$ cat structure_34.cif   # mmCIF, C-alpha atoms (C1' of nucleotides)
data_run
#
loop_
_atom_site.label_atom_id
_atom_site.label_comp_id
_atom_site.auth_asym_id
_atom_site.auth_seq_id
_atom_site.Cartn_x
_atom_site.Cartn_y
_atom_site.Cartn_z
CA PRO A 1 100.63 93.68 56.34
CA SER A 2 102.34 96.83 57.57
CA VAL A 3 100.64 98.90 60.25
CA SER A 4 99.88 101.74 57.83
CA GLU A 5 98.40 99.31 55.30
CA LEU A 6 96.05 97.79 57.89
CA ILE A 7 95.13 101.29 59.07
CA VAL A 8 94.21 102.40 55.54
CA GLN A 9 92.30 99.16 54.93
CA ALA A 10 90.28 99.57 58.14
CA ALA A 11 89.62 103.26 57.48
CA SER A 12 88.33 102.54 53.97
CA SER A 13 86.38 99.62 55.45
CA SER A 14 84.44 101.66 58.03
CA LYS A 15 81.55 103.84 56.84
CA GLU A 16 81.49 106.45 59.63
CA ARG A 17 80.30 109.89 58.52
CA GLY A 18 82.69 111.65 60.92
CA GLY A 19 85.67 109.32 60.50
CA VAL A 20 87.47 106.56 62.37
CA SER A 21 88.80 107.37 65.84
CA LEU A 22 91.80 106.04 67.73
CA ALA A 23 89.58 103.68 69.72
CA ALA A 24 87.79 102.55 66.55
CA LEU A 25 91.08 101.95 64.72
CA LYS A 26 92.36 100.05 67.76
CA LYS A 27 89.24 97.87 67.76
CA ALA A 28 89.59 97.26 64.02
CA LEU A 29 93.26 96.26 64.30
CA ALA A 30 92.49 94.03 67.29
CA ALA A 31 89.80 92.33 65.20
CA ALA A 32 92.49 92.10 62.50
CA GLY A 33 94.78 89.94 64.64
CA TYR A 34 97.01 92.88 65.59
CA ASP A 35 98.25 93.27 69.16
CA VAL A 36 96.77 96.64 70.11
CA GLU A 37 98.55 96.72 73.49
CA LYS A 38 102.14 95.65 72.81
CA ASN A 39 102.42 97.84 69.69
CA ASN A 40 100.49 100.97 70.73
CA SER A 41 103.41 103.30 70.00
CA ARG A 42 103.78 101.81 66.52
CA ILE A 43 100.07 102.30 65.80
CA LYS A 44 100.31 105.92 66.92
CA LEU A 45 103.44 106.50 64.82
CA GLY A 46 101.81 104.96 61.76
CA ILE A 47 98.76 107.16 62.26
CA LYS A 48 100.90 110.28 62.60
CA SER A 49 102.94 109.40 59.50
CA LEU A 50 99.77 108.82 57.49
CA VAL A 51 98.46 112.19 58.68
CA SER A 52 101.71 113.98 57.80
CA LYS A 53 101.94 112.33 54.37
CA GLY A 54 98.37 113.44 53.68
CA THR A 55 97.11 109.86 53.35
CA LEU A 56 94.76 110.36 56.31
CA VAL A 57 92.95 113.67 56.82
CA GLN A 58 92.19 114.38 60.47
CA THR A 59 88.57 115.42 61.01
CA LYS A 60 88.07 115.65 64.79
CA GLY A 61 90.46 115.96 67.69
CA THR A 62 94.13 116.88 67.46
CA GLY A 63 97.15 114.63 67.12
CA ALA A 64 96.80 110.88 67.40
CA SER A 65 93.80 110.92 69.76
CA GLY A 66 91.32 112.32 67.22
CA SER A 67 89.54 110.79 64.23
CA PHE A 68 90.81 110.47 60.66
CA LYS A 69 89.44 109.72 57.18
CA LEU A 70 90.80 108.56 53.84
CA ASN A 71 91.81 111.39 51.49
CA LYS A 72 90.47 110.31 48.11
CA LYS A 73 92.18 113.32 46.48
CA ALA A 74 95.86 112.99 47.46
CA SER A 75 95.81 109.41 46.11
CA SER A 76 96.19 110.90 42.60
CA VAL A 77 98.35 113.99 43.23
CA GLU A 78 101.59 112.02 43.62
"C1'" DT B 1 103.91 92.34 48.23
"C1'" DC B 2 109.14 91.18 48.84
"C1'" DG B 3 114.42 92.16 49.47
"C1'" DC B 4 117.20 94.42 52.30
"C1'" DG B 5 119.65 98.25 54.60
"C1'" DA B 6 119.61 100.45 59.15
"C1'" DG B 7 117.48 102.65 63.13
"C1'" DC B 8 114.27 102.37 67.37
"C1'" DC B 9 112.44 100.03 71.41
"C1'" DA B 10 112.23 95.70 75.40
"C1'" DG B 11 114.53 93.48 78.12
"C1'" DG B 12 118.57 91.30 80.14
"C1'" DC B 13 123.49 91.83 81.86
"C1'" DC B 14 126.41 93.91 85.02
"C1'" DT B 15 128.28 97.17 88.00
"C1'" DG B 16 128.65 101.41 90.82
"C1'" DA B 17 127.02 104.32 94.56
"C1'" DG B 18 124.41 105.01 98.36
"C1'" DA B 19 122.01 103.27 102.10
"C1'" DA B 20 120.35 99.69 105.34
"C1'" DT B 21 122.19 96.46 108.62
"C1'" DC B 22 125.09 93.46 111.34
"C1'" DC B 23 129.31 93.38 114.52
"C1'" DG B 24 132.18 95.20 117.90
"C1'" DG B 25 133.60 98.20 122.23
"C1'" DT B 26 133.15 102.24 125.66
"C1'" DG B 27 130.97 104.55 128.77
"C1'" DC B 28 127.12 106.34 131.33
"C1'" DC B 29 123.08 107.19 133.75
"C1'" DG B 30 118.59 105.25 134.78
"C1'" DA B 31 116.44 100.58 136.60
"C1'" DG B 32 116.38 97.66 140.43
"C1'" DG B 33 117.45 96.71 145.14
"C1'" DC B 34 117.87 97.94 150.17
"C1'" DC B 35 116.86 100.37 154.67
"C1'" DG B 36 113.59 103.60 157.69
"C1'" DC B 37 109.52 105.06 158.85
"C1'" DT B 38 104.82 106.32 159.11
"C1'" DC B 39 100.21 106.14 157.99
"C1'" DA B 40 96.84 103.70 156.13
"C1'" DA B 41 94.88 99.18 155.77
"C1'" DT B 42 93.14 95.50 158.98
"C1'" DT B 43 90.08 93.63 162.79
"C1'" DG B 44 86.36 93.67 165.94
"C1'" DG B 45 82.44 95.38 167.44
"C1'" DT B 46 77.92 97.91 167.17
"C1'" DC B 47 73.95 99.64 164.70
"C1'" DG B 48 70.66 101.24 161.51
"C1'" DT B 49 68.66 100.56 157.02
"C1'" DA B 50 68.85 98.95 151.68
"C1'" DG B 51 67.04 95.74 149.42
"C1'" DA B 52 65.57 90.58 148.87
"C1'" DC B 53 61.65 88.04 149.11
"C1'" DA B 54 56.41 87.03 148.85
"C1'" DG B 55 52.32 88.55 147.29
"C1'" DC B 56 48.77 90.77 144.88
"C1'" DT B 57 46.82 93.86 140.89
"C1'" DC B 58 46.15 94.68 136.36
"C1'" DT B 59 48.47 96.95 131.90
"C1'" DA B 60 50.16 95.86 127.76
"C1'" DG B 61 52.73 92.71 124.71
"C1'" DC B 62 51.91 88.80 122.18
"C1'" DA B 63 49.17 85.96 119.28
"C1'" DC B 64 45.60 85.36 115.99
"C1'" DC B 65 41.96 86.57 112.26
"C1'" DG B 66 39.98 89.10 107.90
"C1'" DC B 67 39.62 92.93 104.58
"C1'" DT B 68 41.63 96.47 101.88
"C1'" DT B 69 44.97 98.55 98.89
"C1'" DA B 70 49.74 100.74 99.13
"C1'" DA B 71 53.61 99.33 97.86
"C1'" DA B 72 57.12 96.07 96.43
"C1'" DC B 73 58.20 93.54 92.31
"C1'" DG B 74 59.79 91.89 87.82
"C1'" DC B 75 60.18 93.33 83.24
"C1'" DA B 76 61.63 95.98 79.34
"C1'" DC B 77 63.97 99.96 77.38
"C1'" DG B 78 66.63 103.77 76.82
"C1'" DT B 79 70.63 106.81 77.71
"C1'" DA B 80 74.14 109.14 80.30
"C1'" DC B 81 77.68 108.37 83.14
"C1'" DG B 82 81.68 105.53 84.79
"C1'" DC B 83 85.71 103.72 83.06
"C1'" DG B 84 89.69 103.37 79.98
"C1'" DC B 85 92.84 105.58 77.22
"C1'" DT B 86 95.31 109.24 75.38
#
$ encode --input "structure_34.cif" --output "structure tokens"
Amino acid sequence: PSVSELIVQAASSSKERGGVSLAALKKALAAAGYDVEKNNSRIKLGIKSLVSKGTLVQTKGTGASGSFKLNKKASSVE
DNA sequence: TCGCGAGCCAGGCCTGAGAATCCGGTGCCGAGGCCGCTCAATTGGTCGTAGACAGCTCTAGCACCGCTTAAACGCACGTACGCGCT
């Protein structure tokens, strides 16, 4: 499972009203068997790529350190 | 979700450059020794008194008891602040 796929799965899995933060996504990936320490840069890059592609809409914070949600709209505007 | 192309990061390899450090020799001036003296440390004596010892008086420091209740305590719960990470 690619980093972005696990990120999307965890984000759709969590039911936070305000979104899933960097710490929350790290905890989810760590619970998913992912090394959150050795691959931190990759997690951040995947998050940024998902934000840029419009897959994840950032709700709080700026950059990688904020919180993000699934965009249920861009999934059908391909 | 897989095949596969190619690029990015982790770490090892290896060397260069710069600096620390050991090795050698020269010289140079301050440490150690010696001589002269002189003054201060020693000895002996006297003498007066500072304090060591013995004794008594009597304060207060210790030990004990009981009653009261102020406070220490253990528990449970909540949150806000320290810590980690970016």
$ resolve_selection --input "structure_34.cif" --expression "the PyMOL selection byres ((chain A) within 12 of (chain B))" --output "list in words"
residues 1, 2, 5, 21, 22, 23, 26, 37, 38, 39, 40, 41, 42, 44, 45, 61, 62, 63, 64, 65 and 66 of chain A
$ residues_around --input "structure_34.cif" --residues "residue A:3" --least-positions-apart "4" --cutoff "7 Å" --atoms "all atoms listed in the file" --output "JSON, numbers by chain"
{"A": [7, 43, 46]}
$ atom_distance --input "structure_34.cif" --atom1 "atom CA of residue A:47" --atom2 "atom CA of residue A:59"
13.2 Å
$ closest_residue --input "structure_34.cif" --among "A:27, A:69, A:36, A:20" --to "residue A:51" --atoms "all atoms listed in the file"
A:69
